[PDB]
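Encoded as structure tokens, here's the structure I'll be asking about.
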Amino acid sequence: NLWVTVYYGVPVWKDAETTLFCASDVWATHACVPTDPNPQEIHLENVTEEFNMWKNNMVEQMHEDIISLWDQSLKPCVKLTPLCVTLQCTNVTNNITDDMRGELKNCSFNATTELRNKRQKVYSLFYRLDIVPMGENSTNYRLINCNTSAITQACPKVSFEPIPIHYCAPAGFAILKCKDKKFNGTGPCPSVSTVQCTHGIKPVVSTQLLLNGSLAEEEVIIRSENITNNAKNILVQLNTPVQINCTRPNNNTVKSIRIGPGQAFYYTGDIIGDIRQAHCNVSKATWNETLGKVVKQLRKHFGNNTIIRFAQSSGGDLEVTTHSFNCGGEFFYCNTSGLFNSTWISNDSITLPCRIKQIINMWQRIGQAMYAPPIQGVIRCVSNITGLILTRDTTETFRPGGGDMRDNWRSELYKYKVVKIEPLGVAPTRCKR
Amino acid sequence: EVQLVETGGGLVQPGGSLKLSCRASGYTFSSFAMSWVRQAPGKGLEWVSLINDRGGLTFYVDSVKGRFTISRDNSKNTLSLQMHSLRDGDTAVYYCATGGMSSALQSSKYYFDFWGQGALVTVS
Amino acid sequence: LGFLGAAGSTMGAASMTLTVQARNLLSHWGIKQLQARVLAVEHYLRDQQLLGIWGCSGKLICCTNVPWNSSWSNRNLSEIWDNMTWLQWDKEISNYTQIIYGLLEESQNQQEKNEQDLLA
Amino acid sequence: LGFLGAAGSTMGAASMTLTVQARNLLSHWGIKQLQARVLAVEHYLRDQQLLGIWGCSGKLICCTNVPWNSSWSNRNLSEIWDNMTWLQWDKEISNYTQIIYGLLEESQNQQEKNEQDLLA
Amino acid sequence: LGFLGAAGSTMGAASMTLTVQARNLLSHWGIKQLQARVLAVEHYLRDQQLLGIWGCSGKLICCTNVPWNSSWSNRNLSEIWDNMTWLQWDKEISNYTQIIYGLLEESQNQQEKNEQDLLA
């Protein structure tokens, strides 16, 4: 009657977890292959596939690769252990505005030199957040990380610029891309295509406001693992950017010393001119329109005849209650209570005060700390807010979240899935040997 | 309605050549194998030749094997037969027929479903 | 027309693009990439080994001498080869695949011995 | 008579040493050497896959059904097999190669469908 | 019935489990394990290449055109296929193996050139 016929090269695939590799044009390795330009995207006319962000292993690989590469870049850099001494800190002899009182201290200490028997007196300007007083009323302070792990100075030649990385599949595997403009991160996607390699993703690291990501094609999309579970974060993708202008308006003179045999330490020597607080500007009208759109979409998940309230984060350390980001190499911690203070019921700008830290932990880890060299001159950066990370408490109250970096990466990788190709299979025919 | 229409030749001399053709409509031409069946005026039916739906495989009754060529054009919905050396014994009606073979992923046939009107070929 | 372009098409159409997919099966920081390449190669070789065992080496379409017990799938040639896509078919005869592979292996062994005892 | 010993000889002579060359295709510090081994294997497998696609699996000399368009090289047999060396031949038809490979693949796809439609 | 289960059986019995063993040939810390996998692949490929050179590609039992010189083993069939295990046979033709492989290669090359000269 019918016989088994074996076919090889059958267009069938199964979900699979494999290793992806990097393709690009220092956030390189020089081990990323060249992009292999203009990737091809076969449309798969009648393929519907099931996607499930949050269970997507591509996120885990991006997370692990970024952390590993980050740590690798510090391996050859100077260890600042000669600086764990009792710093004698006094008030800065300059014109300080009210917003900056107590923010900077002028600290003197004895540093090591190129020779084992020679010592040098060094003074520098530190941000208050980087030091901890050991004496009660005394001017004796110590660096924040001399009781926990030693601080590594980042190499001054290595930038933190978020250069895009494309993730490519190994032979035998394929990456499927969801093109449904209204896709909410899970479930069937009616329009799926095959990319050889993903688009480049910029590894921008930030907390509560996502910067320089992709925008939604048509409307604000709210994605969450479980929208009624207050233990979950809500990722909101905007369809329009909100432009944010950040500055550190203080002309920084950077000086250096030797602390050992080819080991140099960089520090702020002095400030030219007045001392002002770092800050970021968000256009007021643009921001209010943006929230109105977010609220309209939240009302589709929550009651319609409801009240939506925005509020500032309730607690935790500076790393989780503020908007943390890298602006020109400096690490800013901006207060967003000026953005999330409103209730929505059924040429001005907003200025966000910012704090600066030189000694940071980056990742949510205990045993590592990095010293970011201060940057010469004045810093200005402009970026796009492309999405928000919110958490939820009648009336629904939402607050900024985003402490877990995997959420930043989910906002870009949500449209991709990795599958394994299984070209061998059988079917009945009327053909026999 | 399925139609097969022969638009062939007429009266020819022995040893020469004559070409037949058949136009088809009302079905997907390319989905079916086709054949020619012959009927002399005083005789029954005889199978002459068979061609696969993609045009790759041809079969012939041995009596015409070295003389006839069967072909196909799926763009023009046309079946054709070129006969050479025209034997006197080849005088007959030549019918365009649909069926006689399938393609291993299709249900089998081994019978003819549709017939044309028949071209009359005469050899003097 | 490219890799997996036929994935949404019917089996009777998709079967004509077998070479398109076949040609896309081949080709410490950096170690994980070598590990992936080695495993991709081993996977490839295992598929080739099965085709070898079943007597389908060197071809993309291979007919066999094993019949189709209707208990695996009682659908007729029309429904399989002119409606279903390969993805849907694979999800039907997923449970009854190891059985089929075992039968194909046994059939080829019987064929090899008989052939040898005929060239004797 | 060793590896590439026939490189300076004519095509009609060199063709008798195909096994001499075929057997010499197979066999942090040390990673680069692993990369070389893996790539040598992938290269080998791609050529074997290609012979399989064309229906030349398992053999060093394979005749096909693709005819020689004279536009690729109008030299006659006594000029190709009695004088030219494989190195000079390769240079002469190097840019009409990926046309020939495409034709060989298409020919085999047609050949496979016709044999299945005949085993019915 | 498992891997090498027939190792203690006679050659005429062991020849029926060839697929059992064939399927068990395929599947800084970790470098030596990666090297082992790469080398296992190269070993496998050399054996497959060799079967191809002899014209045995794709089959577990390959008859050839080379005769058995009694000077290699003057035992009869009922003393090789009924009274000996493959392990004991291997340690009897061990120092005539390269001779046989060379003859098999020559036989296949002659057959390939003769087949091509017959397709004209």
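Letters A, B, C, D and E mark the chains as written, and numbering starts fresh at 1 in each.
Basically, a contact is a pair of C-beta atoms (placed from the backbone, for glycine too) under 8 Å apart; a residue touches a chain by one contact, two chains touch by 3 or more.
Chemist: Looking at CA centres, what chain is most distant from subunit B?
Modeler: Checked the centroid distances; the maximum from subunit B is A.
Chemist: Where the CA atoms of subunit D average out and where those of subunit E average out, how many Å apart are those spots?
Modeler: From the centre of subunit D to the centre of subunit E is 26 Å.
Chemist: As a quick test, compute the distance in whole Å between the mean CA positions of subunit B and subunit D.
Modeler: 42
Chemist: If I count partner chains per residue in subunit B, which residues reach a count of at least 2?
Modeler: 102, 104-106, 108
Chemist: Please output the residue numbers of subunit D that touch at least 2 other chains, ranges allowed.
Modeler: 28, 31, 34, 38, 41, 57-58, 113, 116, 119-120
Chemist: Can you tell me which residues of subunit A touch two or more of the remaining chains?
Modeler: Where subunit A meets two or more other chains at a single residue, that happens at 5, 429-433.
Chemist: Applying that definition of touch, give me each pair of chains that meets it.
Modeler: Contact pairs between chains: A-B, A-C, A-D, B-C, B-D, C-D, C-E, D-E.
Chemist: Give every residue of subunit B touching subunit C within the complex, in rising order.
Modeler: So the residues of subunit B touching subunit C come out as 105-107.
Chemist: Could you please specify the touching residues of subunit A with respect to subunit B in the complex?
Modeler: 429-431
Chemist: So in the complex, the part of subunit D that touches subunit A is made up of which residues?
Modeler: 116, 119-120
Chemist: Quick check on the complex: what are the subunit E residues that touch subunit C?
Modeler: It comes out as residues 16, 18-19, 22-23, 25-28, 30-31, 34, 37-38, 41, 44, 57-61, 63.
Chemist: Tell me, which parts of subunit A touch subunit C in their complex?
Modeler: Listed in rising order, the residues are 1-13, 18-19, 21, 29, 31, 40, 42-47, 68-69, 72, 170-172, 174, 194, 421-433.
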